[PDB]
$ cat protein.cif   # mmCIF, C-alpha atoms and all ligand atoms
data_my_file
#
loop_
_atom_site.label_atom_id
_atom_site.label_comp_id
_atom_site.auth_asym_id
_atom_site.auth_seq_id
_atom_site.Cartn_x
_atom_site.Cartn_y
_atom_site.Cartn_z
CA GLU A 1 175.10 242.57 147.26
CA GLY A 2 171.71 242.64 148.86
CA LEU A 3 172.59 245.49 151.17
CA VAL A 4 169.98 248.05 150.21
CA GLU A 5 166.57 247.51 148.65
CA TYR A 6 164.19 249.74 146.83
CA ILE A 7 160.79 249.83 148.50
CA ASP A 8 157.70 251.25 146.86
CA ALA A 9 154.70 252.52 148.77
CA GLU A 10 152.62 249.36 148.58
CA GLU A 11 155.39 247.07 149.67
CA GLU A 12 155.95 249.47 152.50
CA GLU A 13 152.84 248.11 154.09
CA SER A 14 154.51 244.84 155.00
CA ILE A 15 157.86 245.87 156.41
CA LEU A 16 158.89 247.20 159.77
CA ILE A 17 161.44 249.91 159.42
CA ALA A 18 163.93 250.95 162.02
CA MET A 19 164.50 254.64 162.37
CA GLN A 20 168.24 254.69 162.81
CA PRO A 21 170.53 251.75 163.13
CA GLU A 22 172.33 252.37 166.32
CA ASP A 23 169.56 253.72 168.46
CA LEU A 24 167.42 250.82 167.35
CA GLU A 25 169.14 247.65 166.51
CA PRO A 26 171.21 246.72 169.60
CA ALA A 27 169.04 245.49 172.39
CA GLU A 28 169.23 246.56 176.01
CA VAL A 29 171.00 260.55 179.31
CA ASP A 30 171.48 264.22 178.44
CA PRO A 31 168.39 266.19 179.54
CA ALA A 32 169.04 268.76 176.83
CA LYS A 33 168.66 265.99 174.29
CA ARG A 34 165.26 265.42 172.82
CA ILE A 35 163.22 262.46 174.02
CA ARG A 36 163.00 259.28 171.95
CA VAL A 37 161.40 255.88 172.46
CA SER A 38 162.82 252.40 172.36
CA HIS A 39 163.68 249.36 170.24
CA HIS A 40 160.82 247.46 171.88
CA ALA A 41 160.12 246.28 168.34
CA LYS B 1 149.73 271.34 182.68
CA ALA B 2 153.25 271.42 181.28
CA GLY B 3 152.79 274.91 179.94
CA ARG B 4 151.87 276.30 183.32
CA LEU B 5 154.98 274.66 184.64
CA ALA B 6 157.17 276.59 182.25
CA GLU B 7 155.41 279.91 182.40
CA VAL B 8 155.66 279.87 186.16
CA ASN B 9 159.39 279.31 186.24
CA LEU B 10 160.15 282.22 183.94
CA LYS B 11 161.46 285.17 185.86
CA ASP B 12 160.60 288.73 185.03
CA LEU B 13 163.83 288.99 183.09
CA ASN B 14 162.57 286.50 180.60
CA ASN B 15 162.05 288.55 177.50
CA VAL B 16 159.23 286.53 176.11
CA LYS B 17 157.48 286.70 179.42
CA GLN B 18 157.84 290.42 179.14
CA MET B 19 156.07 290.38 175.81
CA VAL B 20 153.25 288.24 177.01
CA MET B 21 152.79 290.44 180.01
CA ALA B 22 152.73 293.54 177.93
CA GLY B 23 150.11 291.81 175.83
CA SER B 24 152.32 292.85 172.98
CA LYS B 25 152.92 289.58 171.15
CA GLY B 26 152.65 285.92 171.86
CA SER B 27 150.61 284.03 174.37
CA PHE B 28 150.66 281.04 176.63
CA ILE B 29 150.33 278.33 173.98
CA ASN B 30 153.33 279.81 172.28
CA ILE B 31 155.59 279.61 175.23
CA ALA B 32 154.24 276.22 176.13
CA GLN B 33 155.11 274.84 172.77
CA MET B 34 158.54 276.40 172.59
CA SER B 35 159.76 275.41 175.99
CA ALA B 36 157.57 272.65 177.39
CA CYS B 37 155.96 270.36 174.84
CA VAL B 38 154.16 270.53 171.55
CA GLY B 39 151.32 268.28 172.41
CA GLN B 40 148.90 266.37 170.31
CA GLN B 41 149.00 266.86 166.58
CA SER B 42 145.65 266.31 165.01
CA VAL B 43 143.90 266.13 161.68
CA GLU B 44 140.17 266.76 161.62
CA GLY B 45 139.76 266.84 165.33
CA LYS B 46 141.10 263.32 165.50
CA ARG B 47 144.51 261.95 166.20
CA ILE B 48 146.54 260.77 163.27
CA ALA B 49 144.71 258.12 161.31
CA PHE B 50 145.95 254.73 160.21
CA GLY B 51 147.08 255.60 156.74
CA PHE B 52 149.12 252.48 156.45
CA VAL B 53 147.21 249.36 157.25
CA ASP B 54 146.60 249.57 160.98
CA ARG B 55 149.58 251.75 161.73
CA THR B 56 150.33 255.38 161.26
CA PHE C 1 178.74 270.13 166.55
CA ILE C 2 180.41 271.04 163.28
CA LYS C 3 180.73 269.49 159.82
CA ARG C 4 184.20 268.07 159.29
CA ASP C 5 185.21 268.09 155.63
CA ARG C 6 188.84 267.27 156.48
CA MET C 7 188.00 263.62 157.17
CA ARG C 8 189.42 263.08 153.68
CA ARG C 9 192.74 263.36 155.49
CA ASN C 10 192.32 260.32 157.75
CA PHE C 11 190.51 258.30 155.10
CA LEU C 12 193.39 259.24 152.83
CA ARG C 13 196.03 258.53 155.49
CA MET C 14 194.34 255.40 156.81
CA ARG C 15 194.07 253.72 153.42
CA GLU C 16 161.55 197.98 139.40
CA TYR C 17 160.76 200.40 136.58
CA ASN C 18 159.61 200.64 132.97
CA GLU C 19 162.16 202.50 130.83
CA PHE C 20 160.91 203.38 127.37
CA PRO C 21 162.58 204.83 124.27
CA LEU C 22 160.67 207.38 122.22
CA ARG C 23 161.45 208.38 118.68
CA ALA C 24 160.66 210.59 115.71
CA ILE C 25 157.01 209.54 115.53
CA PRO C 26 155.45 209.69 112.03
CA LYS C 27 154.23 213.14 111.09
CA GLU C 28 151.73 212.54 108.27
CA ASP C 29 149.30 211.13 110.80
CA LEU C 30 149.94 214.29 112.78
CA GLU C 31 149.69 216.23 109.51
CA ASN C 32 146.08 215.05 109.45
CA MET C 33 145.45 213.85 112.99
CA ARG C 34 145.40 216.53 115.65
CA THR C 35 145.55 215.19 119.19
CA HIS C 36 143.58 217.45 121.47
CA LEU C 37 142.64 217.02 125.11
CA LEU C 38 139.28 216.99 126.82
CA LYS C 39 137.82 217.32 130.30
CA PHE C 40 134.34 216.69 131.56
CA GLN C 41 133.28 219.09 134.27
CA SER C 42 130.38 217.30 135.84
CA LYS C 43 132.22 215.73 138.81
CA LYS C 44 130.60 212.51 137.61
CA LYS C 45 133.12 210.22 139.22
CA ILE C 46 134.18 208.45 136.05
CA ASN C 47 131.88 209.82 133.35
CA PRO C 48 133.33 207.77 130.48
CA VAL C 49 131.33 207.90 127.28
CA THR C 50 131.58 204.12 127.29
CA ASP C 51 128.26 204.36 129.14
CA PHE C 52 127.06 207.47 127.30
CA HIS C 53 125.00 205.98 124.45
CA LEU C 54 125.30 204.70 120.94
CA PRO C 55 126.11 206.02 118.49
CA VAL C 56 128.48 208.75 119.74
CA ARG C 57 129.01 211.78 117.50
CA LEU C 58 131.79 214.28 118.18
CA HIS C 59 131.52 217.24 115.83
CA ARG C 60 130.68 220.93 115.69
CA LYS C 61 127.23 222.51 115.87
CA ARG C 62 129.67 248.32 94.81
CA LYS C 63 132.92 249.18 96.59
CA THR C 64 136.41 250.17 95.51
CA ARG C 65 139.65 248.89 97.04
CA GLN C 66 139.48 248.33 100.79
CA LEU C 67 141.89 247.93 103.69
CA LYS C 68 141.12 245.55 106.51
CA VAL C 69 142.49 244.92 109.97
CA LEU C 70 145.59 242.81 110.30
CA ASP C 71 145.86 239.74 112.48
CA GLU C 72 148.08 236.72 112.82
CA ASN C 73 146.94 233.45 111.31
CA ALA C 74 146.41 231.36 114.44
CA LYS C 75 143.97 233.85 115.91
CA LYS C 76 142.41 234.21 112.48
CA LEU C 77 142.11 230.43 112.45
CA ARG C 78 141.11 229.93 116.07
CA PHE C 79 138.45 232.55 115.68
CA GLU C 80 137.16 231.18 112.42
CA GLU C 81 135.84 228.05 114.16
CA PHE C 82 132.99 229.19 116.36
CA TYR C 83 131.33 225.82 116.19
CA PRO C 84 131.98 223.93 119.42
CA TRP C 85 132.60 220.24 119.82
CA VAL C 86 129.61 218.18 120.89
CA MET C 87 128.62 214.63 121.86
CA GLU C 88 125.14 213.14 121.66
CA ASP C 89 122.89 210.13 120.90
CA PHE C 90 120.66 210.93 117.88
CA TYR C 91 119.69 212.05 124.61
CA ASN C 92 122.61 212.74 126.91
CA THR C 93 124.88 215.54 125.79
CA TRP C 94 128.09 217.47 126.26
CA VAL C 95 129.54 220.62 124.75
CA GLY C 96 133.15 221.57 124.19
CA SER C 97 135.05 224.74 124.88
CA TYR C 98 138.54 225.95 124.13
CA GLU C 99 140.84 226.31 127.13
CA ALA C 100 144.07 227.86 125.87
CA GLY C 101 145.41 228.28 129.37
CA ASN C 102 147.95 225.50 129.15
CA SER C 103 148.02 224.42 125.54
CA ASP C 104 151.81 224.38 125.38
CA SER C 105 153.80 222.69 128.13
CA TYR C 106 152.06 219.36 127.75
CA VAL C 107 153.61 216.59 125.74
CA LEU C 108 151.93 213.24 126.11
CA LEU C 109 153.18 209.72 126.67
CA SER C 110 150.13 207.55 126.16
CA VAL C 111 150.47 203.99 127.32
CA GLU C 112 150.38 202.38 123.90
CA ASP C 113 150.06 198.65 123.28
CA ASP C 114 153.50 198.51 124.88
CA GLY C 115 154.72 200.62 127.75
CA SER C 116 156.73 202.82 125.41
CA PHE C 117 155.40 206.02 123.86
CA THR C 118 155.67 207.89 120.67
CA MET C 119 156.14 211.56 121.40
CA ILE C 120 153.01 213.67 121.32
CA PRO C 121 152.40 217.22 122.49
CA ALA C 122 148.79 218.19 122.89
CA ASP C 123 147.31 220.30 120.12
CA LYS C 124 144.66 222.01 122.23
CA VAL C 125 142.76 221.37 125.42
CA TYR C 126 138.99 221.44 125.68
CA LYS C 127 136.61 221.87 128.57
CA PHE C 128 133.61 219.65 127.95
CA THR C 129 130.42 220.43 129.79
CA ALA C 130 127.13 218.60 130.06
CA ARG C 131 123.82 220.03 128.98
CA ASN C 132 120.05 219.49 128.99
CA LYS C 133 120.30 217.20 131.99
CA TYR C 134 117.07 218.94 132.94
CA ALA C 135 116.62 220.58 129.53
CA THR C 136 114.56 223.56 130.66
CA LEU C 137 114.70 226.96 128.99
CA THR C 138 112.53 229.96 128.26
CA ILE C 139 114.94 231.46 125.72
CA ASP C 140 112.09 233.58 124.43
CA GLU C 141 110.06 233.81 127.63
CA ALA C 142 113.09 234.48 129.82
CA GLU C 143 112.94 238.16 129.00
CA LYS C 144 109.19 238.02 129.51
CA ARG C 145 109.54 236.36 132.91
CA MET C 146 112.49 238.46 134.06
CA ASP C 147 110.37 241.57 133.40
CA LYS C 148 107.10 240.67 135.16
CA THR D 1 122.47 228.97 156.96
CA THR D 2 124.24 225.91 155.56
CA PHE D 3 123.05 225.99 151.99
CA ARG D 4 122.54 222.68 150.25
CA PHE D 5 123.20 221.94 146.60
CA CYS D 6 121.79 219.29 144.30
CA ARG D 7 123.78 216.57 142.61
CA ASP D 8 123.37 215.80 138.93
CA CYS D 9 121.92 219.26 139.03
CA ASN D 10 124.31 221.04 141.44
CA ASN D 11 122.04 223.98 141.93
CA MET D 12 120.94 224.96 145.39
CA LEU D 13 118.08 223.20 147.11
CA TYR D 14 115.21 225.39 148.18
CA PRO D 15 113.04 223.94 150.93
CA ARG D 16 109.78 222.44 149.72
CA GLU D 17 107.29 221.75 152.45
CA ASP D 18 106.02 218.22 152.74
CA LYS D 19 102.68 218.44 154.50
CA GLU D 20 101.63 214.86 154.04
CA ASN D 21 104.53 213.19 155.73
CA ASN D 22 104.50 216.57 157.50
CA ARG D 23 108.14 217.61 157.40
CA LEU D 24 110.47 219.74 155.32
CA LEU D 25 112.15 218.63 152.15
CA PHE D 26 114.59 220.44 149.90
CA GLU D 27 113.55 220.69 146.27
CA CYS D 28 115.73 221.71 143.35
CA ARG D 29 113.81 224.11 141.19
CA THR D 30 115.72 222.91 138.11
CA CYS D 31 116.12 219.15 138.39
CA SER D 32 113.58 217.52 140.51
CA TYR D 33 116.02 216.03 143.05
CA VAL D 34 114.82 216.08 146.66
CA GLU D 35 115.87 215.11 150.14
CA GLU D 36 114.92 215.68 153.76
CA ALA D 37 115.48 218.56 156.15
CA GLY D 38 118.47 217.69 158.28
CA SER D 39 117.21 220.37 160.71
CA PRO D 40 113.95 222.33 160.95
CA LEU D 41 115.78 225.63 161.17
CA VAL D 42 115.76 227.31 157.77
CA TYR D 43 117.14 230.81 157.98
CA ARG D 44 119.20 233.12 160.15
CA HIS D 45 119.70 236.85 160.03
CA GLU D 46 122.46 237.60 162.53
CA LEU D 47 122.28 241.29 163.33
CA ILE D 48 125.01 241.53 165.97
CA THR D 49 127.90 239.23 165.16
CA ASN D 50 131.09 237.97 166.76
CA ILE D 51 132.88 236.41 163.79
CA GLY D 52 135.83 237.71 161.81
CA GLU D 53 137.31 238.46 165.22
CA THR D 54 139.97 236.04 163.95
CA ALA D 55 139.89 236.79 160.25
CA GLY D 56 142.45 234.85 158.30
CA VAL D 57 144.41 233.53 161.22
CA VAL D 58 146.74 231.41 159.15
CA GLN D 59 149.58 229.27 160.37
CA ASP D 60 151.82 232.15 159.31
CA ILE D 61 150.41 234.93 161.46
CA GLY D 62 153.50 234.28 163.46
CA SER D 63 155.61 235.13 160.44
CA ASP D 64 154.33 238.66 159.85
CA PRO D 65 156.96 241.17 160.99
CA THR D 66 154.64 244.05 161.53
CA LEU D 67 152.43 242.40 164.08
CA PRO D 68 153.17 243.42 167.63
CA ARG D 69 154.61 240.70 169.76
CA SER D 70 153.64 240.22 173.38
CA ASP D 71 154.80 238.13 176.27
CA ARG D 72 151.71 236.67 177.96
CA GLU D 73 151.62 232.90 178.31
CA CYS D 74 149.08 230.79 176.46
CA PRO D 75 146.61 228.98 178.70
CA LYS D 76 147.50 225.83 176.80
CA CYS D 77 151.09 226.15 175.66
CA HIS D 78 152.26 228.11 178.69
CA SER D 79 154.72 229.47 176.16
CA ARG D 80 155.26 233.20 176.29
CA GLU D 81 155.72 234.16 172.66
CA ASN D 82 152.59 235.42 170.97
CA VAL D 83 151.57 237.91 168.35
CA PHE D 84 148.34 239.83 168.80
CA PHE D 85 145.93 242.16 167.12
CA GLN D 86 142.59 243.84 167.51
CA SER D 87 139.39 242.26 166.31
CA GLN D 88 139.43 242.19 162.57
CA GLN D 89 135.80 243.26 162.38
CA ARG D 90 136.47 246.54 160.64
CA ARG D 91 133.35 248.26 161.91
CA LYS D 92 132.87 251.29 164.10
CA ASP D 93 130.98 249.91 167.09
CA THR D 94 133.48 247.04 167.39
CA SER D 95 135.08 246.67 170.77
CA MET D 96 138.80 246.99 171.38
CA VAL D 97 139.56 243.57 172.80
CA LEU D 98 142.74 241.79 171.86
CA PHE D 99 143.19 238.43 170.25
CA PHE D 100 146.53 236.87 170.98
CA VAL D 101 147.98 233.92 169.14
CA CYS D 102 150.68 231.75 170.64
CA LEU D 103 153.45 231.05 168.18
CA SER D 104 153.68 227.46 169.42
CA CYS D 105 150.22 225.91 169.67
CA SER D 106 148.63 228.43 167.33
CA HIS D 107 145.97 228.59 170.02
CA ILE D 108 143.91 231.78 169.96
CA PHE D 109 143.06 233.44 173.21
CA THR D 110 141.92 236.86 174.25
CA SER D 111 142.90 239.65 176.59
CA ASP D 112 139.32 239.79 177.73
CA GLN D 113 137.87 239.99 181.19
CA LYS D 114 134.17 240.52 180.52
CA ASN D 115 133.77 237.15 178.78
CA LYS D 116 136.27 234.43 177.93
ZN ZN E 1 119.21 219.44 140.70
ZN ZN E 2 149.63 228.49 173.35
#
$ encode --input "protein.cif" --output "structure tokens"
Amino acid sequence: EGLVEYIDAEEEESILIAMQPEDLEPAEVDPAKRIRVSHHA
Amino acid sequence: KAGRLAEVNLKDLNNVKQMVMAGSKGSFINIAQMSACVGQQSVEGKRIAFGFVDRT
Amino acid sequence: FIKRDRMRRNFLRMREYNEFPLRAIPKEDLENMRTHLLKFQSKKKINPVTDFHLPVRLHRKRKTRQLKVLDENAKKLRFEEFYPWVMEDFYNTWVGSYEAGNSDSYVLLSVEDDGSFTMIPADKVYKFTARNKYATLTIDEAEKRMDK
Amino acid sequence: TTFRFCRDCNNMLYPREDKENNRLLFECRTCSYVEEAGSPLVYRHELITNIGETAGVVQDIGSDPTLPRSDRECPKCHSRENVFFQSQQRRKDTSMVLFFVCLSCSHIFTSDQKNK
């Protein structure tokens, strides 16, 4: 269904992976939580 | 700079402070990395190279 | 903060034009005639041999029992003609060369006397190259010169 | 620079000095074709270069996902959608200036201040 792809290590050169869906797809905090960076990409 | 900020705020209770002070085990870098920040990883004296094409 | 393996409760309790007919062209011709292709690679805008010369000439220029290698016929055939196709006067010149890149997916519809066409796939395709336009060579001396 | 080839020979034309008419001609050490010198300059060596700073900027550079976008406005397009990248001269001494490319006019500009 075209939901998940295999990606080798060469092809990996030409994609831009998100790290986790939520924290990264929607566009736009606990101090104990670690510090992350944005979906600027 | 962040390490000194943590070390300073530890009170004499703080058990790892009491092991640094006794010279017994551990040191500043250790407490700095546990509580404050881990700082710059590095490979051959240089920051992480561009293993992928132009990105890390 | 925990791992909840009882979720299998909820997930269990939630769910103009020129049209031309083409026919079974005679084969005996093709049984003796082989229709190849040819390309000149001199950029010479037209380069038709109409202006080449006359006459034109296109042609090519004890032990006991043993086991030999095995090989299919076509390669055995194709190999067994290492004489290339040539054109000359008796002095402008060209030399042929097998191409083999696209020998297959090319059937031909030559504009015959009429617009129609018998059906003809190309046998082979040849790359024809000029030669001796300046006709210099030190075939023997080349090694001598390239080692001065 | 700007090599010249023969025709009906197609090799490359070395320069053969005409002294008598006193100018430069290009021979062809295989077929005797000749012609003039369209310019008296013959050769360049180019130690310190400034090319490849835009290597392979194709009309698709806008279609490469991995390239970082940026917002600055093109001097021409005044559109504010542009990809960018460092100078493609993969050499150590190379500067770190940025070449932008507006997705609209495909105009190339630079982040420079020392020299635009
Ligand atoms: Zn020539
Ligand atoms: Zn623009």
$ interface_residues --input "protein.cif" --of "chain B" --to "chain D" --cutoff "12 Å" --atoms "only C-alpha atoms" --output "list in words"
residues 52, 53, 54 and 55 of chain B
$ interface_residues --input "protein.cif" --of "chain A" --to "chain B" --cutoff "12 Å" --atoms "only C-alpha atoms" --output "NGL selection string"
:A and (9-16 or 32 or 34-35)
$ interface_residues --input "protein.cif" --of "chain C" --to "chain D" --cutoff "8 Å" --atoms "all atoms listed in the file" --output "VMD selection string"
chain C and resid 42 133 to 134 136
$ residues_around --input "protein.cif" --residues "residue D:25" --least-positions-apart "6" --cutoff "8 Å" --atoms "only C-alpha atoms" --output "PyMOL selection string"
chain D and resi 15-18+34-37
$ atom_distance --input "protein.cif" --atom1 "atom CA of residue D:28" --atom2 "atom CA of residue D:13"
4.7 Å
$ build_atoms --input "protein.cif" --residues "stretch 26-49 of chain B" --atoms "N, CA and C atoms" --output "CSV table (one decimal), keeping the file's coordinate frame"
chain,number,residue,atom,x,y,z
B,26,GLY,N,152.5,287.2,171.3
B,26,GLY,CA,152.6,285.9,171.9
B,26,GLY,C,151.6,285.7,172.9
B,27,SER,N,151.6,284.5,173.4
B,27,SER,CA,150.6,284.0,174.4
B,27,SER,C,151.1,282.8,175.0
B,28,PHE,N,150.3,282.2,175.9
B,28,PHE,CA,150.7,281.0,176.6
B,28,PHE,C,151.0,279.9,175.7
B,29,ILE,N,150.1,279.5,174.8
B,29,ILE,CA,150.3,278.3,174.0
B,29,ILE,C,151.7,278.4,173.4
B,30,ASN,N,152.1,279.6,172.9
B,30,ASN,CA,153.3,279.8,172.3
B,30,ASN,C,154.5,279.4,173.2
B,31,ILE,N,154.4,279.9,174.4
B,31,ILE,CA,155.6,279.6,175.2
B,31,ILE,C,155.5,278.2,175.6
B,32,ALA,N,154.3,277.6,175.8
B,32,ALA,CA,154.2,276.2,176.1
B,32,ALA,C,154.8,275.4,175.0
B,33,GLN,N,154.6,275.7,173.8
B,33,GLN,CA,155.1,274.8,172.8
B,33,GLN,C,156.6,275.0,172.6
B,34,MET,N,157.1,276.2,172.8
B,34,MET,CA,158.5,276.4,172.6
B,34,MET,C,159.3,275.7,173.7
B,35,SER,N,158.9,275.9,174.9
B,35,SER,CA,159.8,275.4,176.0
B,35,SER,C,159.3,274.1,176.6
B,36,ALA,N,158.0,273.8,176.6
B,36,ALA,CA,157.6,272.6,177.4
B,36,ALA,C,157.3,271.4,176.5
B,37,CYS,N,156.3,271.5,175.6
B,37,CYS,CA,156.0,270.4,174.8
B,37,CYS,C,155.0,270.8,173.8
B,38,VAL,N,154.9,270.1,172.7
B,38,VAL,CA,154.2,270.5,171.6
B,38,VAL,C,152.8,269.9,171.5
B,39,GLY,N,152.6,268.8,172.2
B,39,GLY,CA,151.3,268.3,172.4
B,39,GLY,C,150.8,267.6,171.2
B,40,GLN,N,149.5,267.3,171.2
B,40,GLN,CA,148.9,266.4,170.3
B,40,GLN,C,148.7,267.0,168.9
B,41,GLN,N,149.4,266.5,167.9
B,41,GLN,CA,149.0,266.9,166.6
B,41,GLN,C,147.7,266.2,166.2
B,42,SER,N,147.0,266.8,165.3
B,42,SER,CA,145.6,266.3,165.0
B,42,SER,C,145.2,266.7,163.6
B,43,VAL,N,144.4,265.9,163.0
B,43,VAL,CA,143.9,266.1,161.7
B,43,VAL,C,142.4,265.8,161.7
B,44,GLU,N,141.6,266.9,161.5
B,44,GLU,CA,140.2,266.8,161.6
B,44,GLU,C,139.8,266.3,163.0
B,45,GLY,N,140.2,267.1,164.0
B,45,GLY,CA,139.8,266.8,165.3
B,45,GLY,C,140.1,265.5,165.9
B,46,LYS,N,140.8,264.7,165.1
B,46,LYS,CA,141.1,263.3,165.5
B,46,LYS,C,142.6,263.2,165.5
B,47,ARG,N,143.1,262.2,166.3
B,47,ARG,CA,144.5,262.0,166.2
B,47,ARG,C,144.8,261.4,164.8
B,48,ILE,N,146.1,261.1,164.6
B,48,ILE,CA,146.5,260.8,163.3
B,48,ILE,C,146.0,259.4,162.9
B,49,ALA,N,145.4,259.3,161.7
B,49,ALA,CA,144.7,258.1,161.3
B,49,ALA,C,145.7,257.0,160.9
